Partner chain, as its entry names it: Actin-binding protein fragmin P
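So this first bit is one chain, no partners, the form deposited without the partner chain, shown in C-alpha coordinates.
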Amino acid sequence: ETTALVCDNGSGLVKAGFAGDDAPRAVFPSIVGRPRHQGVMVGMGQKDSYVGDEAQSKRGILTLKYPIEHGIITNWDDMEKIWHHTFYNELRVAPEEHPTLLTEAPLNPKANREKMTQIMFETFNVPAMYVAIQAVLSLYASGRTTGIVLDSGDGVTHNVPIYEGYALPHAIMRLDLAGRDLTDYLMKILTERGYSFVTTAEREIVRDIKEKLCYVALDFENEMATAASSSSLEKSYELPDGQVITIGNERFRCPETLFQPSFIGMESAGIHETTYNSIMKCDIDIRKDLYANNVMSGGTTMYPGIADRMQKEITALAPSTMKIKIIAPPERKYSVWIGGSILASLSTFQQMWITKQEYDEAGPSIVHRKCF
(Lines give C-alpha, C1' and ligand atoms only; values in the text may rest on other atoms or scores of the structure.)
Protein backbone atom coordinates (compact mmCIF):
# COMPACT_ATOMS: atom_id res chain seq x y z
CA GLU A 1 0.00 0.00 0.00
CA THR A 2 1.27 3.47 -0.90
CA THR A 3 -1.03 5.92 0.94
CA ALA A 4 -4.62 7.12 1.24
CA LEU A 5 -6.57 9.90 -0.48
CA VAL A 6 -8.30 12.74 1.36
CA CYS A 7 -10.94 14.32 -0.88
CA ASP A 8 -12.58 17.26 0.89
CA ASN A 9 -15.52 18.02 -1.38
CA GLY A 10 -16.92 21.40 -0.45
CA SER A 11 -19.65 23.58 -1.86
CA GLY A 12 -17.11 26.02 -3.26
CA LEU A 13 -13.75 24.29 -3.51
CA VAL A 14 -12.57 20.73 -3.94
CA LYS A 15 -9.56 20.21 -1.69
CA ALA A 16 -7.75 16.99 -2.48
CA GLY A 17 -4.43 15.38 -1.79
CA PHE A 18 -2.71 12.54 0.00
CA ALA A 19 -2.66 11.63 3.66
CA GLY A 20 0.38 12.67 5.62
CA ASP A 21 0.83 15.93 3.72
CA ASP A 22 0.52 19.42 5.15
CA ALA A 23 -1.29 21.04 2.19
CA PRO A 24 -3.65 19.75 -0.50
CA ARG A 25 -2.14 19.23 -3.94
CA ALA A 26 -5.48 19.95 -5.64
CA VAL A 27 -7.43 23.13 -4.88
CA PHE A 28 -9.86 24.02 -7.65
CA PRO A 29 -13.45 25.30 -7.56
CA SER A 30 -16.39 22.92 -7.67
CA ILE A 31 -17.81 24.27 -10.92
CA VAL A 32 -19.01 22.36 -13.98
CA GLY A 33 -19.61 24.65 -16.96
CA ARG A 34 -21.46 23.95 -20.21
CA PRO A 35 -20.99 26.31 -23.17
CA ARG A 36 -24.04 28.35 -24.05
CA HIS A 37 -23.21 30.15 -27.30
CA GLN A 38 -23.14 28.88 -30.87
CA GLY A 39 -19.72 27.46 -31.64
CA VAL A 40 -18.36 28.14 -35.11
CA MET A 41 -14.68 27.12 -35.27
CA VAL A 42 -14.51 23.55 -36.55
CA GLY A 43 -12.49 21.20 -34.37
CA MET A 44 -9.59 22.83 -32.45
CA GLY A 45 -10.42 21.33 -29.06
CA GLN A 46 -13.99 22.00 -27.92
CA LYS A 47 -15.18 19.73 -25.13
CA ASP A 48 -18.78 19.18 -24.08
CA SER A 49 -18.05 20.27 -20.51
CA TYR A 50 -15.43 22.20 -18.56
CA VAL A 51 -14.67 21.44 -14.91
CA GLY A 52 -12.87 23.42 -12.26
CA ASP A 53 -9.86 25.56 -13.12
CA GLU A 54 -10.56 25.24 -16.84
CA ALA A 55 -14.14 26.47 -16.54
CA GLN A 56 -12.91 29.29 -14.32
CA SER A 57 -10.69 30.52 -17.16
CA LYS A 58 -13.22 30.11 -19.99
CA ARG A 59 -16.14 31.38 -17.93
CA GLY A 60 -17.30 34.17 -20.24
CA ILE A 61 -18.95 31.69 -22.63
CA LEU A 62 -20.11 29.09 -20.10
CA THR A 63 -23.19 28.50 -17.99
CA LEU A 64 -21.42 27.76 -14.74
CA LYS A 65 -23.23 25.83 -12.06
CA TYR A 66 -22.40 24.19 -8.76
CA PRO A 67 -23.39 20.54 -8.24
CA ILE A 68 -23.33 21.02 -4.45
CA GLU A 69 -25.83 23.44 -2.97
CA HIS A 70 -25.92 23.83 0.82
CA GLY A 71 -23.99 20.62 1.32
CA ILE A 72 -26.54 18.48 -0.50
CA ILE A 73 -25.28 17.16 -3.83
CA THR A 74 -28.11 17.85 -6.26
CA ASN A 75 -26.56 17.03 -9.64
CA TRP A 76 -24.92 13.57 -9.33
CA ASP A 77 -23.93 13.55 -13.01
CA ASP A 78 -21.79 16.65 -12.48
CA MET A 79 -20.42 15.42 -9.17
CA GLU A 80 -19.16 12.23 -10.80
CA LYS A 81 -17.59 14.57 -13.37
CA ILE A 82 -15.65 16.53 -10.72
CA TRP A 83 -14.41 13.37 -8.99
CA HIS A 84 -13.29 12.07 -12.37
CA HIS A 85 -11.43 15.34 -12.90
CA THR A 86 -10.05 15.25 -9.36
CA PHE A 87 -8.46 11.81 -9.46
CA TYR A 88 -7.35 11.45 -13.07
CA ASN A 89 -6.78 14.95 -14.42
CA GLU A 90 -5.62 16.58 -11.21
CA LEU A 91 -4.04 14.07 -8.81
CA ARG A 92 -3.11 11.56 -11.55
CA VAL A 93 -3.77 8.45 -9.48
CA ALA A 94 -5.44 5.11 -9.97
CA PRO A 95 -8.61 5.01 -7.83
CA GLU A 96 -8.47 1.21 -7.53
CA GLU A 97 -5.39 1.36 -5.28
CA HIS A 98 -5.91 4.17 -2.79
CA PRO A 99 -8.53 4.31 -0.02
CA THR A 100 -10.50 7.54 -0.15
CA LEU A 101 -11.45 9.69 2.84
CA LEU A 102 -14.54 11.79 2.17
CA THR A 103 -16.04 14.62 4.21
CA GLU A 104 -19.56 15.95 4.53
CA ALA A 105 -21.57 18.28 6.73
CA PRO A 106 -23.50 17.11 9.80
CA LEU A 107 -27.30 16.89 9.84
CA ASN A 108 -27.30 15.90 6.19
CA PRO A 109 -29.63 13.62 4.18
CA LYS A 110 -29.20 9.86 4.43
CA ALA A 111 -29.32 9.48 0.65
CA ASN A 112 -26.47 11.96 0.25
CA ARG A 113 -24.07 9.64 2.07
CA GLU A 114 -25.35 6.41 0.52
CA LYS A 115 -24.92 7.81 -2.97
CA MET A 116 -21.33 8.88 -2.31
CA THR A 117 -20.68 5.33 -1.12
CA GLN A 118 -22.33 3.80 -4.18
CA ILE A 119 -20.24 5.92 -6.56
CA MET A 120 -16.89 5.27 -4.89
CA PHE A 121 -17.32 1.50 -5.17
CA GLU A 122 -19.45 0.84 -8.24
CA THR A 123 -17.77 3.46 -10.46
CA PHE A 124 -14.24 4.08 -9.15
CA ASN A 125 -13.83 0.72 -7.33
CA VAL A 126 -11.74 2.02 -4.44
CA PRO A 127 -10.35 -0.51 -1.93
CA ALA A 128 -11.88 1.28 1.06
CA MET A 129 -13.60 4.49 2.03
CA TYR A 130 -14.79 6.44 5.05
CA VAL A 131 -17.09 9.45 5.34
CA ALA A 132 -16.13 11.82 8.14
CA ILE A 133 -17.86 14.83 9.62
CA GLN A 134 -16.11 18.09 8.79
CA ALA A 135 -16.23 19.69 12.22
CA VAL A 136 -14.68 16.59 13.76
CA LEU A 137 -11.80 16.92 11.30
CA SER A 138 -11.43 20.63 12.03
CA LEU A 139 -10.38 19.68 15.56
CA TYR A 140 -7.65 17.20 14.64
CA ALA A 141 -6.03 20.06 12.74
CA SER A 142 -5.68 22.10 15.92
CA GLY A 143 -4.62 18.87 17.66
CA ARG A 144 -7.29 18.83 20.34
CA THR A 145 -10.09 16.91 21.99
CA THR A 146 -12.24 19.69 23.47
CA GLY A 147 -13.96 22.55 21.73
CA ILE A 148 -16.95 23.80 19.83
CA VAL A 149 -16.21 24.16 16.13
CA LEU A 150 -17.65 26.99 14.03
CA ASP A 151 -17.14 25.59 10.53
CA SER A 152 -18.49 28.18 8.10
CA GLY A 153 -17.78 27.34 4.48
CA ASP A 154 -19.47 28.11 1.18
CA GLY A 155 -22.66 26.13 1.61
CA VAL A 156 -23.30 25.55 5.29
CA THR A 157 -22.36 26.95 8.70
CA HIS A 158 -22.50 24.47 11.55
CA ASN A 159 -21.51 24.25 15.20
CA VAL A 160 -20.46 20.89 16.62
CA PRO A 161 -19.65 20.79 20.35
CA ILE A 162 -17.02 18.16 21.09
CA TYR A 163 -15.94 17.47 24.66
CA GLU A 164 -13.09 15.08 25.49
CA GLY A 165 -13.45 12.81 22.49
CA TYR A 166 -17.24 12.64 22.77
CA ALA A 167 -19.51 14.47 20.36
CA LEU A 168 -22.83 15.85 21.57
CA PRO A 169 -25.18 15.29 18.62
CA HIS A 170 -28.17 17.02 20.20
CA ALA A 171 -26.35 20.38 20.32
CA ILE A 172 -25.23 20.38 16.67
CA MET A 173 -26.63 23.49 15.02
CA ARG A 174 -26.77 23.76 11.24
CA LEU A 175 -27.26 27.15 9.61
CA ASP A 176 -27.47 27.34 5.81
CA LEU A 177 -26.10 30.88 5.64
CA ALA A 178 -22.62 30.73 4.18
CA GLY A 179 -20.29 32.36 1.68
CA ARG A 180 -22.52 31.74 -1.32
CA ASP A 181 -25.30 33.66 0.44
CA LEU A 182 -22.89 36.49 1.20
CA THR A 183 -22.02 36.80 -2.47
CA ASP A 184 -25.69 36.91 -3.45
CA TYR A 185 -26.33 39.63 -0.90
CA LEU A 186 -23.29 41.48 -2.20
CA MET A 187 -24.60 41.37 -5.78
CA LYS A 188 -27.82 42.91 -4.45
CA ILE A 189 -26.15 45.80 -2.59
CA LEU A 190 -23.64 46.58 -5.31
CA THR A 191 -26.69 47.43 -7.42
CA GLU A 192 -27.33 50.48 -5.26
CA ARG A 193 -23.96 51.87 -6.32
CA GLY A 194 -25.05 51.28 -9.91
CA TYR A 195 -23.02 48.21 -10.78
CA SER A 196 -25.19 45.36 -12.03
CA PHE A 197 -23.60 41.92 -11.79
CA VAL A 198 -26.25 39.43 -12.92
CA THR A 199 -25.03 36.48 -14.98
CA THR A 200 -23.13 33.55 -13.51
CA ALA A 201 -19.74 34.66 -14.81
CA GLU A 202 -20.08 37.86 -12.77
CA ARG A 203 -20.99 35.78 -9.72
CA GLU A 204 -17.34 34.65 -9.76
CA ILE A 205 -16.24 38.29 -9.81
CA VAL A 206 -18.31 39.43 -6.83
CA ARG A 207 -16.92 36.39 -5.03
CA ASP A 208 -13.46 37.79 -5.77
CA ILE A 209 -14.50 41.28 -4.62
CA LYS A 210 -15.62 39.75 -1.34
CA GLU A 211 -12.36 37.88 -0.76
CA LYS A 212 -10.30 41.06 -1.17
CA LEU A 213 -12.21 44.09 0.08
CA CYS A 214 -14.71 42.88 2.69
CA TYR A 215 -13.99 42.88 6.42
CA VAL A 216 -16.04 42.58 9.61
CA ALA A 217 -16.94 45.75 11.47
CA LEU A 218 -16.26 45.56 15.19
CA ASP A 219 -19.27 47.80 15.86
CA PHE A 220 -21.68 47.99 12.95
CA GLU A 221 -23.55 51.12 14.06
CA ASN A 222 -20.29 53.10 14.25
CA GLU A 223 -18.85 52.13 10.87
CA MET A 224 -22.13 53.29 9.36
CA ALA A 225 -21.39 56.64 10.99
CA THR A 226 -17.94 56.52 9.39
CA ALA A 227 -19.69 56.29 6.00
CA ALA A 228 -20.51 59.99 6.46
CA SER A 229 -16.80 60.80 6.03
CA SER A 230 -16.10 58.10 3.44
CA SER A 231 -12.37 58.75 3.19
CA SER A 232 -10.54 55.67 4.48
CA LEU A 233 -13.65 53.53 4.07
CA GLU A 234 -13.89 53.39 0.28
CA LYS A 235 -11.59 51.15 -1.74
CA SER A 236 -11.31 50.43 -5.45
CA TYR A 237 -11.24 47.23 -7.47
CA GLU A 238 -10.15 46.66 -11.06
CA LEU A 239 -12.65 44.49 -12.92
CA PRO A 240 -11.51 42.10 -15.69
CA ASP A 241 -12.76 44.57 -18.34
CA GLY A 242 -10.60 47.37 -16.94
CA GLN A 243 -13.37 49.23 -15.14
CA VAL A 244 -13.03 50.31 -11.53
CA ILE A 245 -15.69 50.26 -8.82
CA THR A 246 -15.57 52.34 -5.65
CA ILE A 247 -17.14 50.10 -3.03
CA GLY A 248 -17.90 51.97 0.17
CA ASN A 249 -19.89 50.80 3.16
CA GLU A 250 -20.62 47.57 1.25
CA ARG A 251 -17.22 46.31 2.44
CA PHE A 252 -18.21 45.70 6.05
CA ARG A 253 -21.92 45.37 5.44
CA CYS A 254 -22.14 42.00 3.74
CA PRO A 255 -20.24 40.05 6.47
CA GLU A 256 -22.67 41.57 8.98
CA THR A 257 -25.18 39.13 7.46
CA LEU A 258 -23.25 36.44 9.36
CA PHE A 259 -24.20 38.33 12.54
CA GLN A 260 -27.63 39.63 11.48
CA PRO A 261 -29.21 37.13 9.07
CA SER A 262 -32.35 39.29 8.77
CA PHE A 263 -30.55 41.21 6.02
CA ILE A 264 -31.25 38.30 3.69
CA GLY A 265 -34.65 37.59 5.23
CA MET A 266 -33.73 34.64 7.44
CA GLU A 267 -35.55 34.41 10.76
CA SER A 268 -32.64 32.58 12.42
CA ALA A 269 -29.85 34.00 14.57
CA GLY A 270 -26.29 34.99 13.78
CA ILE A 271 -23.19 32.90 14.22
CA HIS A 272 -22.54 34.45 17.62
CA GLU A 273 -25.95 33.30 18.88
CA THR A 274 -25.83 29.87 17.27
CA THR A 275 -22.55 29.29 19.07
CA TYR A 276 -24.04 30.45 22.36
CA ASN A 277 -27.27 28.50 21.95
CA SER A 278 -25.26 25.39 21.14
CA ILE A 279 -23.15 25.74 24.28
CA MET A 280 -26.30 26.35 26.34
CA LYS A 281 -27.70 23.03 25.06
CA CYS A 282 -24.70 21.18 26.50
CA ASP A 283 -24.19 19.99 30.06
CA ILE A 284 -23.42 22.65 32.64
CA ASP A 285 -20.11 21.05 33.64
CA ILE A 286 -18.55 21.34 30.17
CA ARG A 287 -19.60 24.89 29.33
CA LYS A 288 -16.40 26.26 30.85
CA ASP A 289 -14.25 24.20 28.49
CA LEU A 290 -16.32 25.07 25.43
CA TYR A 291 -15.95 28.80 26.08
CA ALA A 292 -12.17 28.50 26.20
CA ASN A 293 -11.99 26.57 22.90
CA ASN A 294 -13.89 28.20 20.01
CA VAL A 295 -12.24 26.74 16.93
CA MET A 296 -13.11 28.55 13.74
CA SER A 297 -12.56 26.90 10.39
CA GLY A 298 -13.66 27.20 6.79
CA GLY A 299 -13.07 30.05 4.40
CA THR A 300 -15.96 32.25 5.50
CA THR A 301 -14.11 32.71 8.80
CA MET A 302 -11.21 34.34 6.92
CA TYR A 303 -12.47 37.92 7.03
CA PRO A 304 -10.27 40.51 8.73
CA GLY A 305 -11.76 41.04 12.16
CA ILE A 306 -14.12 38.09 12.58
CA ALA A 307 -12.22 36.65 15.56
CA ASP A 308 -12.33 40.08 17.19
CA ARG A 309 -16.11 40.34 16.90
CA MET A 310 -16.83 36.75 17.94
CA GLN A 311 -14.76 37.37 21.06
CA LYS A 312 -16.63 40.64 21.60
CA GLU A 313 -20.15 39.38 21.08
CA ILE A 314 -20.12 36.01 22.82
CA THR A 315 -18.73 37.90 25.83
CA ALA A 316 -21.84 40.08 25.82
CA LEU A 317 -23.92 36.86 26.03
CA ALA A 318 -21.77 34.71 28.33
CA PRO A 319 -21.59 35.44 32.07
CA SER A 320 -18.87 37.95 32.84
CA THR A 321 -16.63 35.62 34.88
CA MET A 322 -16.08 33.12 32.04
CA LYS A 323 -13.19 33.74 29.67
CA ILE A 324 -13.84 33.49 25.93
CA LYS A 325 -11.02 32.52 23.59
CA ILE A 326 -11.85 32.42 19.88
CA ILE A 327 -9.10 30.33 18.31
CA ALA A 328 -8.35 31.10 14.67
CA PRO A 329 -5.35 29.39 13.09
CA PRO A 330 -3.96 31.21 10.05
CA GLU A 331 -4.27 28.00 7.99
CA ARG A 332 -7.94 27.62 8.98
CA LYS A 333 -9.15 27.54 5.36
CA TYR A 334 -7.78 24.05 4.76
CA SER A 335 -8.18 22.72 8.30
CA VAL A 336 -10.87 20.24 7.31
CA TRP A 337 -8.31 18.77 4.95
CA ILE A 338 -5.49 19.13 7.49
CA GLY A 339 -7.39 17.06 10.03
CA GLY A 340 -8.32 14.58 7.33
CA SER A 341 -4.64 14.15 6.58
CA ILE A 342 -4.03 13.42 10.26
CA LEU A 343 -6.95 11.02 10.74
CA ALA A 344 -6.13 8.97 7.65
CA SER A 345 -2.51 8.56 8.79
CA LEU A 346 -3.27 7.47 12.35
CA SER A 347 -2.37 3.89 13.18
CA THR A 348 -5.57 3.30 15.18
CA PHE A 349 -7.75 4.03 12.15
CA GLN A 350 -7.15 1.20 9.64
CA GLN A 351 -10.02 -0.91 11.00
CA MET A 352 -12.55 1.91 10.52
CA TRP A 353 -12.46 1.83 6.71
CA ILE A 354 -15.44 0.46 4.81
CA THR A 355 -13.75 -2.11 2.63
CA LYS A 356 -15.06 -3.42 -0.68
CA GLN A 357 -15.88 -6.80 0.87
CA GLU A 358 -17.84 -5.20 3.71
CA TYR A 359 -19.80 -3.13 1.18
CA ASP A 360 -20.86 -6.00 -1.09
CA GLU A 361 -22.59 -8.09 1.58
CA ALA A 362 -24.32 -5.05 3.10
CA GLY A 363 -25.38 -2.72 0.28
CA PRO A 364 -25.14 1.07 0.47
CA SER A 365 -26.70 1.23 3.95
CA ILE A 366 -23.45 0.07 5.59
CA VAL A 367 -22.23 3.68 5.80
CA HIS A 368 -24.68 4.70 8.53
CA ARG A 369 -23.89 1.92 11.02
CA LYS A 370 -20.15 2.12 10.38
CA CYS A 371 -19.13 5.79 10.05
CA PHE A 372 -21.44 7.72 12.36
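Positions refer to the first chain, counted from 1.
The form solved in complex with the partner chain exists for this protein as well; it is not shown, and the discussion that follows is about that form.
Look up in the entry with it bound whether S345 has a non-hydrogen atom within 4.5 angstroms of the partner chain, and give yes or no.
So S345 counts as contacting the partner chain.
So in the entry with it bound, does any heavy atom of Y166 sit within 4.5 Å of the partner chain?
Flag for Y166 set to yes.
Close approach of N108 to the partner chain in the entry with it bound, 4.5 Å, heavy atom
Output for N108 is yes: heavy atoms within 4.5 Å of the partner chain.
Taking any heavy atom pair closer than or equal to 4.5 Å as contact, tell me whether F259 reaches the partner chain in the entry with it bound.
Outside the cut-off, so no.
For the stretch 353-372, I need every residue with any heavy atom inside 4.5 Å of the partner chain in the entry with it bound, listed N to C.
The stretch 353-372, when checked against the partner chain in the entry with it bound, contributes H368, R369, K370, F372 at the 4.5 Å heavy-atom cut-off.
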